[PDB]
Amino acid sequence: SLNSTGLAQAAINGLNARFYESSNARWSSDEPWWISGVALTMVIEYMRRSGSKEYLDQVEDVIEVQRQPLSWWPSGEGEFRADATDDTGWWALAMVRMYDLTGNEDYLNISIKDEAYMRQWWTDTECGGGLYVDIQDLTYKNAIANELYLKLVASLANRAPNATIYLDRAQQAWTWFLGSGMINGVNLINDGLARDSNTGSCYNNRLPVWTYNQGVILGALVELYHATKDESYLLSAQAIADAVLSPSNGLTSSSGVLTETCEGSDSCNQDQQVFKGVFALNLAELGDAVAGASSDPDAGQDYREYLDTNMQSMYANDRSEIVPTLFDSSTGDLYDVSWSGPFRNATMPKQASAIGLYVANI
């Protein structure tokens, strides 16, 4: 009795009615730029899974304007090449999705430029591999920038005409990620790596376990499986997803709802507000690959049931409708950060995460 497609469209319409800036071809200029890339990913993936083309013109407008040389990083020369490798990775993966939706080689070319850009800050001389997130400072090799890069090369290994070195780079990047220690003893991924002051060796910095660091890695392993047909990549991804679903690890509540570690203290900032939807979209990618890899009709119900359970909870406890007026007839739905808690306000990162959950159920 729940239409995930219609609810995703209502959430996207609510995102546009409250946060889209037509004069800037961007959502919420007061919010981080990379979250506009996540929002573009959610709108693109909605069209891919639902077969709709309703926001195609808007998405093209955002791409055309935001691919220009960024005013805060002109040396990147545009094409989403920014002052941080994870900022670039979010838009790069959005262009991979835009290529999947349209088949236009232009978007694939952007992702190829982004891969070569991010690779510039991969070094073997610290932590035996991995890339830095802070382009200007080069002091932090974290989980999200390396998960985004890994999913990028793995995606290009399935789509780019020169798929050989992208597969070799993806296999080498996953080998480094697995051996880095960021995947801890319960198969969850901490924020990044610290460096020994004397030996130069790198180790898990034990910073918080964020949901989107348990998600992007799943899509990377799904793409690695599609490029190799090796179910070992799916089994590693399933181990990470199963750790998130286990309530003993604190990411899944007693009611079975995905819960960011900052929701209890009500301290989720603009970045953390978008994390949950990114995991949900990537979990749906894993559930699809798992169901298609085995003849069992029971392949991956837990992931589908999890996404469905979280969807109903967000529908009932986290929803709020915009008030239509005599002048503005825009209709849709707004959402807060907690998928079980009350609706206090709606922000663009909160809304983008919302769309990701509905799209993950399409």
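In case it trips you up, residue 1 is the first one in the sequence shown, and so on.
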Checklist line | Residue range whose averaged C-alpha B-factor is higher in the record, 295 to 303 or 32 to 40 | finding: 295 to 303
Note to self: Mean Cα B factor from the PDB record: higher for 162 to 170, or higher for 91 to 99?
What the structure shows: 162 to 170
Next item on the list: Specify which of 128, 215, 256, 192 carries the largest Cα B factor in the deposited PDB entry.
Entry: 256
Note to self: Can you tell me which of 105, 260, 271, 231 has the maximum CA B-factor listed in the PDB entry?
What the structure shows: 231
Next item on the list: Report the third (lowest, middle or highest) to which the CA temperature factor of residue 62 belongs, ranking only the modelled residues of the same chain.
Entry: lowest
Check: What third of its chain's C-alpha B-factors does residue 284 belong to: lowest, middle or highest?
Finding: middle
Margin query: Ranking every modelled residue in this chain by its Cα temperature factor as given in the entry, which third contains residue 116?
Written below: lowest
Check: residue 250: which third of its chain by C-alpha temperature factor?
Finding: middle
Item checked: residue 123 - which third its CA temperature factor falls in, relative to the rest of the chain -> middle
